[PDB]
């Protein structure tokens, strides 16, 4: 289904994401210039995340404008981050004034696409099905996307 995902909020999916589910995060704007306001955290960070019932972040997708990179990671509920997996940020967005981040579920990894082009395969690290998604940003910053995202959960059979 479709979900409205407001910046700084978590939305519950209607049901756990089934095998091979696809999640599309849609923004209507793209601003790759770093947030004019860095704020108290010292890290320009806007992220989307796939969460399980327990609250673990199965997949964290962070955009780092000041670091020229995407940061992928998994974060167990109430625990610290795992090791980061990073790819350069430049050359990913651009072709769409309305950028999208799509994740395709696979048995042991997530296929991550930017504007429907695959940029990374992230090996799963934590157990459980995705049941929630979030869109967060470090205190006092402005995101690279619209402050509201359209999130669509779909299956291959839905687009065929």
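Numbering follows the first chain given and starts at 1.
Stretch comparison (86-94 versus 73-81) by mean CA B-factor in the PDB entry places 86-94 on top. For the pair 20-28 and 7-15, the record assigns the higher mean C-alpha temperature factor to 7-15. Among the modelled residues of its chain, residue 60 has a C-alpha B-factor that falls in the lowest third according to the deposited record.
Annotation for residue 125: C-alpha temperature factor in the highest third relative to the rest of the modelled chain, per the entry. Among the modelled residues of its chain, residue 151 has a C-alpha B-factor that falls in the highest third, as given in the PDB entry. Ranked by Cα temperature factor within the chain, residue 109 sits in the middle third according to the deposited record. In this PDB entry, residue 102 carries a Cα temperature factor that places it within the middle third of its chain's modelled residues.
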